[PDB]
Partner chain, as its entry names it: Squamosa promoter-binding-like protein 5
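Only one chain is shown below, in structure tokens, and it's the form solved without the partner chain.
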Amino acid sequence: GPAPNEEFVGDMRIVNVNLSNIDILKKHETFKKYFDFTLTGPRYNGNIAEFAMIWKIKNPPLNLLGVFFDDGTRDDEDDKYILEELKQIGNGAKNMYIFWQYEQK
């Protein structure tokens, strides 16, 4: 039973996460395994394999850093899905982590 202030697509919680720098995830025990930090431009993962966040998000919004689905497998292609479309391919993920660049104001 989701509350009115929670965003779900079926079983999948949408989780917006602000980061001062994408690099702070390099020591994050949950997420470090999935990022390749040499890559430019926000990516998403097609499964939960090591360094899986490689697929380019199409036309990404300002300050989007990446999308991590914590379970399931999905169609993984470059420059095909915009952020809003990614919400429909959770395919069994329980969380969609959307990482955003923090802005000091």
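Positions refer to the first chain, counted from 1.
Form solved in complex with the partner chain: not shown, discussed below.
Chemist: Report yes if any heavy atom of residue 36 sits within 4.5 Å of a heavy atom of the partner chain in the deposited bound form; otherwise report no.
Modeler: Yes.
Chemist: Just to confirm, residue 60 within 4.5 Å of the partner chain in the deposited bound form by heavy atoms?
Modeler: No, residue 60 sits far enough from the partner chain in the deposited bound form that none of its heavy atoms falls within 4.5 Å.
Chemist: Taking the partner chain as it sits in the deposited bound form, is residue 52 near enough to touch it, meaning that at least one heavy atom pair lies within 4.5 angstroms?
Modeler: Answer yes; at least one heavy atom of residue 52 falls within 4.5 Å of the partner chain in the deposited bound form.
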